[PDB]
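**Student:** Structure below; questions to follow.
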Number of protein chains: 2
Amino acid sequence: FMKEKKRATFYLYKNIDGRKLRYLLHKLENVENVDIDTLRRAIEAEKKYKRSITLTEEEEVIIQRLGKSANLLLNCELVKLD
Amino acid sequence: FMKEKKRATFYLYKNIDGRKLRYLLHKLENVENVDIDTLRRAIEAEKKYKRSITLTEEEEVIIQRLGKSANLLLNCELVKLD
């Protein structure tokens with residue numbers, strides 16, 4: 001129904017704060033593809049840090065658009081950020 | 001040590017034969033990135049078919065280059081093929 005005030009939980013290879021997590025999610029709005037090297041690094045990284053954020057309506061649709069690819073893509077952005 | 005005559009085992013969303021599996025692996029030699037839509041589809045697909053091939057020396061290095069991203073990338077190629 002939208003504007004559900006729910007949290008999206010992610011597992012990252014770095015224990016980043018919500019501020020950075022939210023930054024990465026929004027960066028995905030302009031991502032069209034992921035380079036093979038970046039994908040390998042994100043996949044091989046140990047994603048053991050559980051980080052969550054309560055979504056705004058705008059973020060809910062980004063999460064819905066990405067579906068199950070969200071966690072990996074967020075880790076890919078983190079690799080690119082670093 | 002190379003030329004190990006070992007099998008690489010993959011899990012695909014379609015029960016393709018070794019002929020096609022090998023085709024997809026070689027196609028990855030020219031892949032530089034994966035589009036976001038294709039990645040989501042490959043991630044969300046139920047990869048329940050176990051398919052294996054014994055690697056030639058040339059294929060061993062492709063597998064080594066891809067590392068843990070091989071299975072997902074193969075599924076991405078399968079999505080692109082279809």
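Ordering of the structure tokens sets the chain letters (A, B, ...), residue numbers begin anew at 1 in every chain, and ligands are numbered from 1 in the order given.
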For chain A, which residues have at least one atom within 8 Å of chain B, if we go by only C-alpha atoms? Write them as a ChimeraX atom specification, please.
**Tutor:** /A:31-36,39-40,43-44,66-69
**Student:** Please give the complete set of residues from chain A that DSSP, run on the backbone, assigns to strand (DSSP E or B), formatted as a ChimeraX atom specification.
**Tutor:** /A:7-12,33-35,49-54
**Student:** Mind checking DSSP for range 20-74 of chain B and telling me the helix (DSSP H, G or I) residues as a VMD selection string?
**Tutor:** chain B and resid 20 to 30 36 to 44 57 to 74
**Student:** Distance CA of residue 46 in chain B-CA of residue 12 in chain B, one decimal place?
**Tutor:** 7.6 Å
**Student:** Report the distance between CA of residue 47 in chain A and CA of residue 14 in chain A in Å, rounded to one decimal place.
**Tutor:**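 Here the two named atoms are 7.4 Å from each other.
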**Student:** In Å, with one decimal, what is the gap from CA of residue 17 in chain A to CA of residue 63 in chain A?
**Tutor:**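 Taking CA of residue 17 in chain A and CA of residue 63 in chain A, their separation equals 18.3 Å.
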**Student:** So that I can see what lies close to residue 71 in chain B, please list as a VMD selection string the residues with an atom at most 7 Å from it, counting only C-alpha atoms and leaving out residues fewer than 4 positions away in the same chain.
**Tutor:** chain B and resid 10 to 11 75
**Student:** Tell me which protein, DNA and RNA residues are within 6 Å of range 51-55 of chain A, counting only C-alpha atoms, leaving out same-chain ones fewer than 3 positions away, and put them as a list in words.
**Tutor:** residues 6, 7, 8, 9, 10, 59 and 60 of chain A
